Each structure stands twice: as C-alpha cells, then as structure tokens.
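Values in this text are rule-based calculations from the coordinates and carry no lab data. Note that each Cβ is placed from the backbone with ideal geometry, even for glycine, and that neighbours are counted across all protein chains shown.
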Amino acid sequence: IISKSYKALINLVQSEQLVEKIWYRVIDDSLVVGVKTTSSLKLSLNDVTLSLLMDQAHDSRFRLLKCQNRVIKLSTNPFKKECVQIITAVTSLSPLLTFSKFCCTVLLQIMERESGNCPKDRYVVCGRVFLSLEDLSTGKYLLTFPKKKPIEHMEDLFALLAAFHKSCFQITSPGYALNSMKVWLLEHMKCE
Amino acid sequence: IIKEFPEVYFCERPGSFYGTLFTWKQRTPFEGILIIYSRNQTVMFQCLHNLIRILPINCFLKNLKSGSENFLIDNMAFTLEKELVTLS
C-alpha cells in the first residue's frame, strides 16, 4: 500500500527523455555535477537550474547547501552539425563529508519565461549522486593534474569548464591583421 | 623529513596528498600529538580516513581547537594556586 501511494503522489502532481545522463567529478574542494540534455529541452525558451538536495538521513542539521550553475555549449567537429549543451552545478565538498559519505539527489527545474501566467514549471529528478572517501581514495572521480593530461573522457573537460573561472575578451586590431592568436596558443602556450 | 626542522614531514605520494605537511610530537610515547597543514579540508579528511584505517582499535583521536589537555590543566592549576595563595 505504501508503494501504491508513493506512485499515487507521483501521478498526483503530474515521457520523452529530457535528459540523457548524469556525471559528477571532484576537482579540488568542489563537486561538479553535470547533466547532458537532449533536443527536447530548449534553453532559448527555458531557464533551467540544477539543485542538489541532501538526504536528511545524513544531514541532521540546517546546512543550507548552495550551488552555482553554468551552461556549456560546445560544437562537435564544426571543421546538422551536432552542438552539445550541458548543465552543471558546482558546490563545496568539505561541508558534506562530515559522515564520510553523502547521497544527494539532483533536481532539474525548468521555468518558462514567455508565458507570464507562470504556468509550466516542470521538474525532473535526474539522478542521485553518491560519494565517499573510500571512492575518492581510489581516484575514479577526482581530477588531479599532470598525470591526467590526455583527456579521453569528456566529462573531465566539462568539469574543468564548470569549476573554473571564466573570462571572455574581445580583441580588435584596427590597423594590422590578427594571425598571432593561433601561434600564441600553439607555440608560446603549447596547447593541445 | 626537512633536515633543518626534523619535526616536519612533507608528503610525496603523487596524487591528492602531495604538498601536505605534518608534524608529530611524541610526548610520553602513549600520548602523541599531530598537526596537519593541508591545502583544503578534503585532504584533511582524506588523510584522517587513511590514518584511522591504519591505527589500532583503542587509539582514540581527538580534535583540538585551543590547545592540548595537559597544558590547559597545568595552566588552570597554576592560576588557581596563585589565586588561593593571594587569598591566604
């Protein structure tokens, strides 16, 4: 009966997968959790966020848990053509490893902006992230520099693009041309 | 070990403990005291986990905010002795 009534709640509030899948990394003292969208979820039309919720079984106390959110668009072999939007959340770890362990739940909220009725505020529980010190001690989710240079799991890249400080500059040469940039990047900075 | 200061230990294990310093005063070789300088607290938890896994079953850790128990008792004793001397 309790199972029946859980499902009853779920259908009480309420098919096409709005979200592929979930992944999480740890960088230094940040948790980066990210989820990779699908064609159906249009970030032009929908403000999305990504909250994390602590299991109160672990969280005996009123720690507000905070999360900063980025969106990440990367184009896939532009040199139709596949884009990749993903959605990511960054928080501190050390508040959460008091009990050696924690199991957050990952909640994707969606609020439309066009319709001023505040009508369609969907939500999606996309997963559930476990961490433990026994996991980190075997690596397996950490990002630790140089030995893990050759990036062949792209989640590592999206974690670095979510955690890190982002700044965007525009460059204008009004009286020369601009071909120093690929050289500055490949030779002086020795970029892959 | 740093030669100049042989009470300081610099960890060389090459992932997630590199650039971590300890110190270890073994006063009264039952009752020692350990200080962990780390670059965040994830490493302090990752280090205490690895230590608790190694230690005996009876080895009782304890955190110190504001000094060691023996020293605080000695301090309280001296202060009370002076006060009672002054009242005598």
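Does the stretch A:1-44 hold any residues that are surrounded by 15 or more Cβ atoms within 10 Å (Cβ to Cβ) and under 28 Å from residue A:115 (Cα atoms), and which are they?
Scanning the stretch A:1-44 gives A:18, A:19, A:34, A:35, A:36, A:37, A:41.
Name the single residue that is farthest from the other protein chains (Cβ to nearest Cβ) among those in the stretch A:112-147 being at positive phi and out of contact with any strand residue (DSSP E or B) (no Cβ under 7 Å at 6 or more places or on another chain).
Going through the qualifying residues, I end up with A:118.
Of B:68, B:38, which residue is surrounded by 10 or more Cβ atoms within 10 Å (Cβ to Cβ) and within 14 Å of another protein chain (Cβ to nearest Cβ)?
That would be B:38, the only listed residue that is surrounded by 10 or more Cβ atoms within 10 Å (Cβ to Cβ) and within 14 Å of another protein chain (Cβ to nearest Cβ).
Does the stretch B:41-55 contain any residue that is more than 13 Å from chain A (Cβ to nearest Cβ), surrounded by 11 or more Cβ atoms within 10 Å (Cβ to Cβ), in contact with an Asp or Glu (Cβ under 8 Å, 6 or more places away or on another chain) and within 30 Å of residue A:101 (Cα to Cα)?
No, the stretch B:41-55 contains no residue that is more than 13 Å from chain A (Cβ to nearest Cβ), surrounded by 11 or more Cβ atoms within 10 Å (Cβ to Cβ), in contact with an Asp or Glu (Cβ under 8 Å, 6 or more places away or on another chain) and within 30 Å of residue A:101 (Cα to Cα).
How many of the residues in the stretch A:45-76 are of a type in the set (A, V, I, L, M, F, W, C), surrounded by 14 or more Cβ atoms within 10 Å (Cβ to Cβ) and outside any strand (DSSP E or B)?
2
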